[PDB]
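Asks: sequence first, structure after; it's an experimental one.
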Amino acid sequence: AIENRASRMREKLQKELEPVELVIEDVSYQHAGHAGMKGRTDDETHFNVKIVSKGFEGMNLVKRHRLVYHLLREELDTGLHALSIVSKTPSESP
């Protein structure tokens, strides 16, 4: 019911990787924005994303991360400054 970057990222990632676990944490409030720009600039600039999906099986880290970056290329071109990624398989996780 809110059309924003977080929702787009969740939709895209969940659709493409069908993760069993998907954490999308906005930490932009620590690293960006200002009251002089508020309401007129994109404040969704910094994200920590954890994705636990079976699609990562047999992938080295570089390939997993390249995949995720590829899926979020539009966001990186339209306001997303920093994207931190943890990409695991369910076996690699609790």
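Replies: Done, it's in. Numbers count the residues shown, from 1 in each chain.
Asks: just say helix, strand or coil for the residue sitting furthest away from the middle of the chain.
Replies: Among residues of the chain, the one most distant from the C-alpha centroid is residue 36; the distance is 26.7 Å, by C-alpha atoms, centre = their mean. Look at residue 36: counting by DSSP: H, G, I helix; E, B strand; the rest coil, its state is coil.
Asks: check the gap between it and residue 45 for me.
Replies: 16 Å (C-beta to C-beta, to the nearest Å). Quick note: C-beta positions are derived from backbone N, CA and C, even for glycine.
Asks: over to residue 54?
Replies: Taken as C-beta to C-beta, the span from residue 54 to residue 45 is 30 Å.
Asks: looking at these two, which one has more neighbours?
Replies: Using other C-beta atoms under 10 Å as the criterion, residue 54 and residue 45 rank with residue 45 on top: 19 against 12.
Asks: stretch 15-35: which residues count as buried?
Replies: Across stretch 15-35, burial judged by 16 or more other C-beta atoms under 10 Å covers 17, 19, 22, 24, 26, 28, 32, 33.
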